[PDB]
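Q: structure for the following, please:
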Amino acid sequence: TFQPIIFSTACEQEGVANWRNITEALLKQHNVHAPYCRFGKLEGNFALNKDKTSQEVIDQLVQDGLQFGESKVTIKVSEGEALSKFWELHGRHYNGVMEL
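A: Numbers count the residues shown, from 1 in each chain. Let me share the structure:
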């Protein structure tokens with residue numbers, strides 16, 4: 001029943017990042033723990049806990065994004081209407097990852 005704050009990511013090049021790498025990168029670089037992470041071909045998403053999400057982290061995430069060598073991955077904050085849309089469209093994906 002948990003609905004964490006959702007963030008979206010996009011890469012400049014394919015193969016620069018993966019769901020595993022992003023989770024490790026996100027943790028180390030921002031010192032935050034993600035309950036959910038999924039990556040597609042060139043883009044992906046991740047979540048953070050409301051208790052483990054701060055404004056300072058959110059500003060940091062968008063501004064600095066995630067660094068993968070010489071490639072940079074941008075981060076976008078999904079909230080409100082965007083968050084509701086994510087749950088509807090990606091609800092099955094979210095559940096599947098959380099179950100694993």
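
Q: contacts for whichever strand or helix holds residue 24 next, please.
A: In this structure, residue 24 is located in helix 19-30 according to DSSP states H and E. Residues outside helix 19-30 that contact it (CB atoms under 8 Å, 6 or more residues apart in numbering) are 9, 17, 32-34, 37-39, 44, 46, 57, 60-61, 64, 66-68, 73. For every residue, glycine as well, the C-beta is placed using N, CA and C.

Q: and these, which are buried?
A: Buried residues within the contacts of helix 19-30, counting neighbours by 16 or more other CB atoms under 10 Å: 9, 17, 32, 34, 37-39, 44, 46, 60-61, 66, 68, 73.

Q: same list (those) but as TSV, adding distance to residue 98 and secondary structure.
A: TSV is the format used below for those (distance: CB to CB, whole Å; DSSP: H, G, I helix; E, B strand; the rest coil):
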residue	distance to residue 98	secondary structure
9	18	strand
17	21	coil
32	17	coil
34	11	coil
37	10	strand
38	10	strand
39	15	strand
44	15	strand
46	12	strand
60	25	helix
61	21	helix
66	21	strand
68	25	strand
73	22	strand
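
Q: residue 8 belongs to a helix, doesn't it?
A: No. Read with DSSP: H, G, I helix; E, B strand; the rest coil, residue 8 is strand and lies in no helix.

Q: roughly how far apart are it and residue 45?
A: For residue 8, the distance to residue 45 equals 5 Å [CB to CB, to the nearest Å].

Q: and those two? Which one has more around it.
A: residue 45 (24 against 15; other CB atoms under 10 Å).

Q: contact partners for residue 4?
A: Each residue near residue 4 by CB under 8 Å, 6+ apart is listed here: 35, 36, 47, 48, 49, 50, 53.

Q: try residue 52
A: Neighbouring residues of residue 52 by CB under 8 Å, 6+ apart: 32, 33.

Q: just residue 45 next, same as before
A: Residues in contact with residue 45 (CB under 8 Å, 6+ apart) are 6, 7, 8, 9, 36, 37, 38, 78, 86, 90.

Q: between residue 8 and residue 45, which contacts overlap?
A: Taking CB under 8 Å, 6+ apart as the contact definition, residue 8 and residue 45 share the neighbouring residues residue 78.

Q: identify the bridge partners of residue 7.
A: According to DSSP bridges, the partner residues bridging residue 7 are residue 46, residue 77.
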